[PDB]
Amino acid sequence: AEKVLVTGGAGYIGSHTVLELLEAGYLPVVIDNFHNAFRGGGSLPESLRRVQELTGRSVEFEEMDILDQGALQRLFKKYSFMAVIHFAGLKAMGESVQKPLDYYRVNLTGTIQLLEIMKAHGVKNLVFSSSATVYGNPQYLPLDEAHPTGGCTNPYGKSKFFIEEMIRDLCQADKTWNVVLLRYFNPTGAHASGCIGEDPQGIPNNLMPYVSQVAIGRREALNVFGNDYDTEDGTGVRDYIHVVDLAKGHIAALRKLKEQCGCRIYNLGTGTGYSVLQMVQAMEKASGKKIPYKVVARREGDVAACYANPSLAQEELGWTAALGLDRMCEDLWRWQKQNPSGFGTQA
């Protein structure tokens, strides 16, 4: 009967996670400030309104910013949370390098504040959205949890690293805390219903949505960011993981917290890397459409190849990414086709 607080729950990964939580018998309380989520016709974000329909279960939601101390305090006072799943934050839209203070404020001070409010309310169980970016430029592959962290590039990645570090210390100082830090790889795909998915605003900065937008006919050609990398085909290689598998990894994380695990860190990836061209091809196959593209200049700070060593998670978390490349592509296409312009308010 104790709830699970889900911050940033109206977004891509959060919405899918709320759905999994609901199906698994959990009772979420979701908060979001609409920074990167579409408002529905009603009080609920559209994504969550659809989750409610898909599951036939009610979504408890509050529009709120994690930076709003008073609101957050009242929330923790009103409910008895048994854990918090923290998705809220800014991600880079290639932005971070240019607005460091926004990233430091939203991600860093926002999480510090959340942790303080959690502590004060006796809630010491956390699931944190981390990223493979913390590893910086891979020194070796695949990337296991022991790979060095904090070496590279941007304010976004740094913010994630500083957060992990802070949580590690917190756990070190107080053994009563339990925290699972999940380093996601490259989330893709969508719920199999095709009703919810990634809903980018404007020109997508990430690969897959751009690809699907081309396939759907909204964009003429994919711009491939360099083809001279030291990879098989010259294009960047990444570990794409189905958002549904990723969402389920959060449920596994909650179970881990119940073991009084202390601080634990796990990669959430498939362990299989695919190049840009490979993804294009898979999308042609899923969509049944030809996907044009043009090779352009490299994108500043792009790594050649990145992919996970998923063993720890399989072993300790009791989780594995069950969905393959075709599934990811087919699910992405379904969402895209059924919702040519992303989320919209009900007719």
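Start at 1 with the first residue shown and count on from there.
Between 84-92 and 217-225, the higher mean Cα B-factor belongs to 217-225.
Set 24-32 against 37-45 and average the Cα temperature factors; 37-45 ends up higher. For the set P187, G151, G236, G110, the PDB entry assigns the largest Cα B-factor to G151. Per the deposited record, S58 carries the highest C-alpha B-factor of all listed residues (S58, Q69, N309, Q278).
In this PDB entry, the Cα temperature factor of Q139 sits in the middle third of its chain's modelled residues.
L207 sits in the middle third of its chain by CA B factor, as recorded in the PDB entry. When all modelled residues of the chain are sorted by CA temperature factor, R183 is found within the lowest third.
Ranked within its chain, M118 lands in the middle third, by CA B factor from the PDB record. The deposited CA B-factor of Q201 belongs to the highest third of values across its chain.
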